[PDB]
Amino acid sequence: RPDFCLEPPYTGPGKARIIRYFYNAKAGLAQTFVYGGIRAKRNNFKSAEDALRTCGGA
């Protein structure tokens, strides 16, 4: 599993409130979170399905 997939979501320093997805490795499912619009970390997807394709595990 890519290393970033286990990290908590990162809103970042931005003031925007965009709804993104992170892989919740303890649930084994994608979670929404609020993203501030700049300086994303890698556990940050535009869809549940992208989060699971990248982070869901072989």
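Identify the single condition in (1) on the phi < 0 side of the Ramachandran plot; (2) surrounded by 13 or more Cβ atoms within 10 Å (Cβ to Cβ) that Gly12 does not satisfy, given that it satisfies every other one.
Every listed condition holds for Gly12 apart from (1).
Working only within the range 23-52, note down all residues that are under 11 Å from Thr11 (Cα atoms) and of a type in the set (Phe, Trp, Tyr).
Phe33, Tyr35
Among what's in the range 1-22 and is of a type in the set (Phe, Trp, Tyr) and not in a loop (DSSP other than H, G, I, E, B), pick the residue that is nearest to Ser47 (Cα to Cα).
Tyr21
Among the residues of the range 39-51, is there at least one that is surrounded by 13 or more Cβ atoms within 10 Å (Cβ to Cβ) and more than 10 Å from the chain's Cα centre (by Cα)?
no
Is it the case, given these coordinates, that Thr54 is β-branched (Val, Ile, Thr) and part of a helix (DSSP H, G or I)?
Here the answer is yes, as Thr54 does meet what is asked.
Take the residues of the range 8-29 that are in contact (Cβ under 8 Å) with a residue 24 or more places away in the chain and closer than 19 Å to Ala58 by Cβ: which is nearest to the chain's Cα centre (by Cα)?
By that ranking, first place goes to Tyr23.
Quick check on the range 23-48: of everything there that is part of a loop (DSSP other than H, G, I, E, B) and among the polar types (S, T, N, Q), which residue is nearest to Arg1 (Cα to Cα)?
Here the answer is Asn43.
Using ideal geometry, Cβ is built from the backbone for each residue, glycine included, and neighbour counts are taken over all protein chains shown. Laboratory data are not the source of any read-out in this text; all were calculated from the coordinates shown.
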